[PDB]
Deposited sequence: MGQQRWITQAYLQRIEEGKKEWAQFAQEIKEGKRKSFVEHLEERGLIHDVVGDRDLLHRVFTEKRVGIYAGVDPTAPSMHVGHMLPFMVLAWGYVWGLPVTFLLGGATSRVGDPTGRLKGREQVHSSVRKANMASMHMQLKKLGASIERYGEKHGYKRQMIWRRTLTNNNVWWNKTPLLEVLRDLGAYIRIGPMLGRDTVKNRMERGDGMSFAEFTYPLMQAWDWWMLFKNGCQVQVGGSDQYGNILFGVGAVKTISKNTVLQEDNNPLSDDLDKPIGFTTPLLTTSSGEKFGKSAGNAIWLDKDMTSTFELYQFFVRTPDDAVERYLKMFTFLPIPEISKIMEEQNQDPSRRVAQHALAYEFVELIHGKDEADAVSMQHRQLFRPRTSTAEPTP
């Protein structure tokens, strides 16, 4: 415990002295940071100086995640093997409301048995992914230390009982609705005329409260998809406010030092040229392999950096061979193999890669 703080301090000096990379500099090299919700240099300083907690959220709208969810979790995977405490947040409660961002119409009311089934399946998959990350990290030389920590939490833990009055007192009373109505997501649904419910309008405050609940236990940073910039931005402000105005003395903190203020960033948007599920029963291992081998030549190098733990030198070596003759798909096959191994294990990766070569 104490040794951890000393180790991170040593790393900090080595980072400033150009002998080591910070977590931010590392992610930038992997191409995993799109936008920083706040000041990039501050984010860098925070991770350099502090072994801060970081989390990513996911709402269970399906029994399975797909490849489109992965980049924020690739960030947490890196965080985990870097010895940062990471948290996977399952939005069991917030999924009932539905995130209005990147939508004009409202989500369709799903039956309760379906939502419960989706939530349970996603919970298992996230547990499985957590163990896979450790295994996959091991393959690439990252040996688990006692100080490592990964957590899976359902926000139902608090949303099932959290009184409306508590949220209004500690957060709602300090939030002006004017700016909320100015946000793009709301503005576009009022202008277009798609309408919007009170529940949807409240969603940002729920996400903010989620962060606050984790922030109290050291989770200073949030990472999300590209379209989550707005929610994370709102969250940064909201968390400062709660910490500054909370009536509980055990939790109250002005956060005067910038190094302690909440901050976040987004991961890049994946574009194409249905869904690619991480569940073997929905998308076979063979088909997940196929999806990645079809990665365009002008995208495969970046994907190798974002979707695998392959060292940069090894990626350079792969690309050197790839650039000589990309028809052999050396880069695409390495990408497909690594990601299939991460999600479904080595045996699956070996089987589908052999069968794919024998067939095509």
> Which deposited-sequence positions, grouped into ranges, are missing C-alpha coordinates?
Replying inline: 1 to 14, 288 to 297, 385 to 395
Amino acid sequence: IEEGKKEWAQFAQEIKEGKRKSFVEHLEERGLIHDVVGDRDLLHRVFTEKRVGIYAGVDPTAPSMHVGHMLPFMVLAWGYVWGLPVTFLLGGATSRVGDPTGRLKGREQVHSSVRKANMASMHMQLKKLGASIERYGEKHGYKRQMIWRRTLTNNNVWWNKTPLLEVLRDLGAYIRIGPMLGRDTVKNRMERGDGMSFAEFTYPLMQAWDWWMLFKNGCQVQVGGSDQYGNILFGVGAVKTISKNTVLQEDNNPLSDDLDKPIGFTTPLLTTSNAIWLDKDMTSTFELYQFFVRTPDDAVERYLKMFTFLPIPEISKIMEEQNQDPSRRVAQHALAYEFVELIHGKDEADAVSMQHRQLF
From here on, numbers count along this sequence of modelled residues.
>> Which is higher on mean Cα B factor in this entry, 107 to 115 or 161 to 169?
In response: 107 to 115
> Which is higher on average in the deposited entry, the C-alpha temperature factors of 210 to 218 or of 91 to 99?
Replying inline: 91 to 99
>> Between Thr151, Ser121, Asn274, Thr285, which one tops the list for Cα B-factor in this entry?
In response: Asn274
>> Just the C-alpha B-factor column, please: which of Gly225, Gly230, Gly79, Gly178 has the biggest number?
In response: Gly178
>> Using the temperature factors of the C-alpha atoms in this entry, rank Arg183 within its chain: lowest, middle or highest third.
In response: highest
>> Can you tell me whether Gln332 has a C-alpha B-factor in the lowest, middle or highest third compared with the other modelled residues of the same chain?
In response: lowest
> Relative to the other modelled residues in the chain, which third contains the C-alpha temperature factor of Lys128: lowest, middle or highest?
Replying inline: lowest
> Compared with the other modelled residues in the chain, in which third is the CA B-factor of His140?
Replying inline: lowest
>> Per the entry's values, where does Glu200 land by CA temperature factor relative to the rest of its chain, in the lowest, middle or highest third?
In response: middle
